[PDB]
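A structural walkthrough
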Amino acid sequence: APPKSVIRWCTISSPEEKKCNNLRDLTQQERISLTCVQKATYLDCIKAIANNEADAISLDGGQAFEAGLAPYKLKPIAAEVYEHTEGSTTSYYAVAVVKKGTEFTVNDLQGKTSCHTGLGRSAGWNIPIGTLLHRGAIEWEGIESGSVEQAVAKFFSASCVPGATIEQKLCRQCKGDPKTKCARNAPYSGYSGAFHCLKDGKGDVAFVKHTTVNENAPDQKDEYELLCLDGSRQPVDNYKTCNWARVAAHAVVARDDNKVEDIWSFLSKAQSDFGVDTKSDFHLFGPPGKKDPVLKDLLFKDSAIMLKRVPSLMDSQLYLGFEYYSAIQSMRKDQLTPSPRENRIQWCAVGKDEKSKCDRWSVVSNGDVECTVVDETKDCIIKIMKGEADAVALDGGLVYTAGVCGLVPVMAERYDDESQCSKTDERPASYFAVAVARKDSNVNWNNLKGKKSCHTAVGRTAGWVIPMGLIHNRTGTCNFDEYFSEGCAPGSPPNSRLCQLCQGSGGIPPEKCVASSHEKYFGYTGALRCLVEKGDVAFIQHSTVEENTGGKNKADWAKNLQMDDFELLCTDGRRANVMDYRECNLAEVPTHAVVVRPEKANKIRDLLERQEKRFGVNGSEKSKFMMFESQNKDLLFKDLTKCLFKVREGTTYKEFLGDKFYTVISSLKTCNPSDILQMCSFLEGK
């Protein structure tokens, strides 16, 4: 079978079942198909979808959440983009303004009066009264002793949220009629109205929408400038930098399994074709014709332009983000079963050698170090990114993908001596990359293509993520395994081609070319080796030549070896001494670094800088167990490390790498894009 289907959209109210039936024609006369469907609710629908019954449903914030939840499990495979003035649009930022000379942050509003769009709302009520419940602001959890609504009263000493009935202290900052004022259909509410509360004097803050003060008085502002989460306070046109949560446009929710594109497509075509720019009596996203509140956003919000896409890895904690996904989960979706209150540092160990190195440490550490086992160490990213994880010490290469993902550097390792760290007169450790060529070989970067090169391992930055970096600044299609004649980059496929030159296996089941020691060329020292016997190059550490050479590697192969015998290939064509390393290197690489979220950072560096004293080399409780120990290896952190220096605040994923070594590890991926890097990049500027 190839690719031919007849999709069946769900609905809600009747009107939309027909338009969802007014296109079903050209559908026939066109590659795939439809078949409308209707049901009292957006819910009965989602249900309907996990029952192998339906197709998909464009659902907004709330709808998008519940969509992909237990009992069901749904996810986005499309997203309504729209129009603006800044960047592309797949959102709508939410904020909480304040009058200048702010007499508060977000770290003590415990009391002041509020202004709110209403209740059961997002911009207002939800993210505001639903973010303070997560962070801690409002300390209720089990509504039987501080029921949100009842819990919001005891925070501020009022409000004007147009949802009466319950809540005493929570409507008094209103103003209208002494009967129809705490009334939703009133007017000192909403967002515009929400201003008519924070601009008058009643209350203190107004949680409005991205750009409204703007819709209001695009003149005045200085009187009321925003209020960030990070105890900060910015200007007003600067939202993307000072919000509580961003809301992505209403996706296109569908069943995660097979027939996927049979929707992308049945959308894809419908789109480009019956978009809003073709000529066949009818608008899909409909034109922006305001009408009976009834025929509104009929299957696609009016004000939308094109159900873009939505990659693979995106679940629903993602497409929504941490801000709104969690804020919410604090209310309904949860409150204590999974999501609980852990003010300790969780962590990301990978494999039965990391978690092991974990449920060993989370002991005198007295659980102040939860642990979330991880299959693949590329998983830790989606892990922390969502919150279920608290940290991870990453490989420079990944500190790139992570960075694209939203995470950030905290503190980088340091293997020299802890005999330095406590200060900042000294900058980063000077550890470089290096192409190492033999004494006399027609080999210079230019002649590269055709020669037998020798790597350190499939990945390990120096031996693969940095050489196959520059290269791809000359080798578009990235058949890395088709650049050099032959080679040995341990951890390559079986048969492979770059995995040939290896001589691995001691002698038994020829484990020829594996990423272990079981081989005779894994790592630096051994790859270097290679370059002697057969090799024609060697992308290695700078100090890897002075280690094996100089009567230090008394093996019969480096018995008499000496740096005097090799030379490093610069990209220039130039070939400096083996030691003129700093003036001829493939890249300058930074140390791994506990990545985490910029939301909970300053404390992670704190609860990490305090977790060394008890456990950690010069950590008095050493008889117990240093956190860098590893039964003799590199689990969790490293081993050799001595002090985990702290990188200066306000850094970035770029800055720690440089822009010289980030360019390549960045233009190296341009090549083959993966789930994460491709999943995080999307949202990025979406």
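Residues numbered from 1 in each chain as written, not as in the entry; some residues may be left out. Heavy atoms only, no water. Residues with missing side-chain atoms left out of burial classes, pairs and counts.

The name recorded for the chain in the PDB entry is Ovotransferrin, from Gallus gallus. Here the PDB entry's recorded title is "Crystal structure of hen serum transferrin in apo- form". Check the Subunit section of the UniProt entry for the chain; it says "Monomer." Quoted verbatim from the Subcellular location heading of the UniProt record, the comment on the chain is "Secreted". (UniProt positions renumbered as here; feature names shortened; annotations may be inferred.)

What follows concerns the overall build of the chain. Secondary structure summary: the chain contains 20 helices and 13 strands in total. Seen along its three principal axes, the alpha-carbon backbone of the chain occupies a region of about 95 × 70 × 45 Å. For the chain, the proportion of contacts with a sequence separation of at least 24, taken over those separated by at least 6, is 66%. (Helix = DSSP H or I, 4+ residues; strand = E, 2+ residues; numbered from the N terminus. Contact = heavy atoms within 4.5 Å.)

Each domain of the chain was delimited in the assignment, giving domain 1 (5–91 + 248–339), domain 2 (92–247), domain 3 (340–430 + 590–685) and domain 4 (431–589). Between domain 1 and domain 4, the C-alpha centre-to-centre distance is 51 Å. (Domains from an automatic or database assignment.)

Turning to the state of the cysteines, a few remarks are in order. Across the disulfide from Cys20 sits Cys36; the S-S distance is 2.0 Å. Around the S-S axis, the bridge from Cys20 to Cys36 shows a dihedral of about 110° and counts as right-handed. With a gap of 16 residues between them, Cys20 in the loop between α1 (15–19) and α2 (24–28) and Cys36 in the loop between α2 and α3 (42–50) connect regions that are remote in the sequence. Each disulfide pairs two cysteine sulfurs, and for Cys421 the partner residue is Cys643, the sulfurs being separated by 2.0 Å. Note on the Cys421 and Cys643 pair: the S-S dihedral is about -90°, so by sign convention the disulfide is left-handed. In this pair, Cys421 is assigned in the loop between α13 (398–405) and β8 (433–438) and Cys643 in the loop between α17 (606–609) and α18 (653–657), connecting sequence segments 222 residues apart. (Disulfide = S-S within 2.5 Å.)

Right, let's talk about the pairing of β8 for a bit. Summarising the sheet, β8 and strand β11 (residues 539–541) pair through three bridges and their orientation is antiparallel. Opposite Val434, over in β11, you have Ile540 as the bridge partner. Note: β8 against strand β12 (residues 566–568), three bridges, orientation antiparallel. Residue pairing for β12: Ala437 is matched across the bridge by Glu567. (Pairing = 2+ DSSP bridges.)

Mapped onto the elements, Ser492 comes out in the loop between β10 (487–488) and α15 (523–531). There is a polar contact of 2.7 Å between the side chain of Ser492 and the backbone oxygen of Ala489. What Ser492 contacts, discounting residues up to four positions off in sequence, is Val458, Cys499 and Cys513. (Polar contact = N/O pair within 3.5 Å; in protein donor to acceptor, adjacent residues only side chain to side chain.)

Note on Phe65 and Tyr325: the rings are 4.7 Å apart at their centroids and 5° apart in plane angle, and the pair reads as stacked. Taken together, the positions of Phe65 in helix α4 (residues 61–67) and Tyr325 in helix α11 (residues 322–330) put the pair 260 residues apart, joining distant regions of the chain. The interplanar angle of 70° and the centroid separation of 5.6 Å between the aromatic rings of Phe484 and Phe539 together place this pair among those described as edge-to-face. With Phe484 in the loop between α14 (467–470) and β10 and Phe539 in strand β11, this pair connects stretches of sequence that are 55 residues apart. Feature note: the residues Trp9, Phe285 and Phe300 constitute an aromatic cluster, connected by ring pairs. (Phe/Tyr/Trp six-rings, centres within 6.5 Å; stacked < 30°, edge-to-face > 60°.)

Within the chain, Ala457 stands out as a residue other than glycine whose phi angle is a positive 160°. Mapped onto the elements, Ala457 comes out in the loop between β9 (453–454) and α14. Phi is positive for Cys513, which is not a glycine, with a value near 65°. Its place among the elements puts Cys513 in the loop between β10 and α15.

What follows is about the side chain of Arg246. You can see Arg246 is positioned in strand β4 (residues 245–246). Of the polar contacts made by the side chain of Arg246, one reaches the backbone oxygen of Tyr319; its length is 2.7 Å. Look past the residues within four positions of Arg246 in its chain and what remains in contact with it is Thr90, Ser91, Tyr92, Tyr93, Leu318, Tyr319, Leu320, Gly321 and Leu683.

Right, let's talk about the UniProt feature "binding site: Fe(3+) 1" in the chain for a bit. According to UniProt, the "binding site: Fe(3+) 1" feature falls on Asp60, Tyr92, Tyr191 and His250. Considering the arrangement of structural elements, one finds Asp60 in the loop between β1 (56–57) and α4. With respect to the helices and strands, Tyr191 occurs in the loop between α7 (148–153) and α8 (192–198). Not counting chain neighbours up to four residues away, the residues in contact with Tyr191 comprise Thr117, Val208, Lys209 and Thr212.

With antiparallel pairing, three strands are arranged side by side in an open sheet as β11-β8-β12. The two strands at the open ends of the sheet, each matched to only one other strand, are β11 and β12. Averaged over all pairs of adjacent strands, the angle between their axes in this sheet comes to 50°, without regard to strand direction. (Axes fitted to C-alpha atoms, helices over the stretch in contact; angles between N-to-C directions.)

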